[PDB]
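Taken together, the values in this text are just the output of simple stated rules run on the coordinates, not laboratory data. Note that each Cβ is placed from the backbone with ideal geometry, even for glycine, and that neighbours are counted across all protein chains shown.
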Amino acid sequence: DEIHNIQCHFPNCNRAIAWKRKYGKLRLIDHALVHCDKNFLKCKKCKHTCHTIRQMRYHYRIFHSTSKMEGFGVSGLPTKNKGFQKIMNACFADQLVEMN
DNA sequence: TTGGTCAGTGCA
DNA sequence: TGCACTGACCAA
Ligand SMILES: [Zn+2]
Ligand SMILES: [Zn+2]
């Protein structure tokens with residue numbers, strides 16, 4: 001369970017993500033969403049939507065300073081959506097197989 | 001300012 | 001096991 005870099009397989013993406021098993025899937029999903037033009041992340045306190053989990057972290061920090069960010073793991077994401085799955089499998093298909 | 005990254009981990 | 005959340009460095 002030592003940190004190893006996982007190369008993103010999105011076309012022309014040169015980013016690798018440092019990864020180990022305790023981390024789980026979320027930071028890989030989060031990087032895959034950088035390549036996504038849909039807005040699958042929906043705020044639970046207002047109508048705002050955005051592309052990545054990280055952007056939603058920044059949204060709660062700035063716009064909902066007294067709220068706890070909740071339900072933004074795998075279990076709370078639209079993992080059965082076909083467009084979502086396409087982006088995931090374009091980036092980290094090997095690591096995001098058992099996502100559902 | 002925005003937020004992509006690393007690093008981290010208690011508990012089911 | 002790995003989920004789903006924490007704090008923080010630093011590029012743009
Ligand atoms: Zn990538
Ligand atoms: Zn909001």
Checklist entry - Say the dipole of chain A comes from +1 at the beta carbon of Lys and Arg and -1 at that of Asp and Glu; which of A:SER75, A:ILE29, A:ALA90 then lies farthest toward its positive end? => result A:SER75
Checklist entry - How many nm is it between the label spots at A:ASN89 and A:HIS9, if each spot is 7 Å from the Cα in line with the beta carbon? => result 1.1
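Restricting to DSSP loop positions (anything but H, G, I, E, B) with no more than 16 other Cβ atoms inside 10 Å of their own Cβ, which trypsin sites (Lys or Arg not before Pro) remain in segment A:1-30? Could the numbers behind the result be given before it?
Values: sites: A:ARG15, A:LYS20, A:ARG21, A:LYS22, A:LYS25, A:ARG27; in loops: A:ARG15, A:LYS20, A:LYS25.
Loop-located and lightly packed - A:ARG15, A:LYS20.
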Item to check | Reach of A:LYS38 by Cα under 16 Å, taken over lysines that are not fewer than 8 positions away in the same chain | outcome: A:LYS47, A:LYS80, A:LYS82, A:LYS86
Checklist entry - Where does chain A land at 222 nm, in deg cm²/dmol rounded to the nearest 500, when only DSSP H runs of n ≥ 4 count, each adding -39500 (n - 2.57), divided by all residues? => result -9000 deg cm²/dmol
Checklist outcome for this item: Here the residues of segment A:38-59 lying in the modelled label zone of A:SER65, meaning backbone nitrogen under 20 Å from a point 7 Å along Cα-to-Cβ, are A:44-48, A:55-59
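Roughly how large, in nm² to one decimal, is the mean projection of the convex hull of the alpha-carbon atoms in chain A?
With the hull built on Cα positions only, its mean projection is 6.8 nm².
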